[PDB]
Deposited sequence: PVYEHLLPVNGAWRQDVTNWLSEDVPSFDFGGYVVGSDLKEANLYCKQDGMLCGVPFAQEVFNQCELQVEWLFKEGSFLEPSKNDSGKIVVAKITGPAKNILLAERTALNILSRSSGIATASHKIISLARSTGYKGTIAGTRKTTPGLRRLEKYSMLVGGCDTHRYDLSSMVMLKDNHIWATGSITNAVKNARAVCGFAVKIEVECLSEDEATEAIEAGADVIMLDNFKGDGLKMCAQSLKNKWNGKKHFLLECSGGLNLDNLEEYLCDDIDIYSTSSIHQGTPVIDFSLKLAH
């Protein structure tokens, strides 16, 4: 299958791209005026070892800037301009009006560098906590960048990690707050089920044995223990027991970026 197929042929994400362009050009593009529309050739370079990600997003930028691109690598590929036989690697060839190329450049690179960084960190962590023989899964969180959740979750997936719940409208996640708000884990879970129904899972964060057990009997689908049913521990950075899920914002939040660059022939 193809990850980019997760993105609907059309939807709000394409308008996100348009807005990112507008964010860069509130009025006029002075540089585009001085450079002109002569057709030009350009290479997109990857200048740091890491996994390529964000291809469909960068491509949408290129599409809206009316350029012709040819990717030399499939998304998800691990690149290693490690050699520095030049120190970098051409991952795409671009053609189009000079101004159009220089306009798409920074926005496109801002997407690739950040999406690749998340993917790279996600992959490092799962493969790492694979190599121990762990069979469970490593998941993300909701601690995403404001306005950039679709892109970052998508990058988690390409990295080989679980996204965990997309938002607050997806899997219900109950805590102590909700628990004694209704009287007991049972009530909290029953009221959650009363509105989410069968199509969506309910997860309850516990801290003891009994607590977990009443949640199970209440109908909870997941139980978070935190630092018929699945088990999850959250926070854990460097431990692997035989829990089903380990959640950590480490694969997506505050991660290093993968450097890219673009140059006209």
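Gaps without C-alpha coordinates occur at 228 to 248, 260 to 266, 294, with positions taken along the deposited sequence from 1.
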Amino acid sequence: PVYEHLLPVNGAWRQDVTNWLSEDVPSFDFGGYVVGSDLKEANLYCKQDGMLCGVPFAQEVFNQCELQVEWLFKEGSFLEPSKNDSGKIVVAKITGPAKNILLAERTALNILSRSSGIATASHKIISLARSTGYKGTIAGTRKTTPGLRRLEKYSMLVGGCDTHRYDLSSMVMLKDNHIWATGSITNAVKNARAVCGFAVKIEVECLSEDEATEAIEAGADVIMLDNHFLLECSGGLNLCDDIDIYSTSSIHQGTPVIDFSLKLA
From here on, numbers count along this sequence of modelled residues.
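What we label the rigid core is the largest C-alpha set whose atoms superpose within 1.5 Å from one form to the other.
Between 83 to 91 and 154 to 162, greater CA displacement relative to the shown form is found for 83 to 91 when the structures in 4 other deposited structures of this protein are fitted on the core. When the other structures are laid on the shown form by the rigid core, the stretch among 171 to 179 and 95 to 103 with the greater C-alpha deviation in 4 other deposited structures of this protein turns out to be 171 to 179. Judged by mean Cα B factor in the deposited record, 129 to 137 ranks above the other of 129 to 137 and 160 to 168. With 143 to 151 and 106 to 114 compared on mean CA B-factor from the PDB entry, the stretch scoring higher is 106 to 114. Note on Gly50, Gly236, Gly54, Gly197: the highest value goes to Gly236, judged by CA B factor as recorded. Ranking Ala220, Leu67, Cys46, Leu207 by the C-alpha B-factor listed in the PDB entry places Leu207 at the top. The deposited CA B-factor of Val34 belongs to the middle third of values across its chain.
When the modelled residues of the chain are ordered by their C-alpha B factor, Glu232 lands in the middle third. Among the modelled residues of its chain, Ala265 has a C-alpha B-factor that falls in the highest third, as given in the PDB entry. In the PDB entry, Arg193 places in the lowest third of its chain by CA B-factor.
Split the chain's modelled residues into thirds by C-alpha temperature factor. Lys175 is in the highest one.
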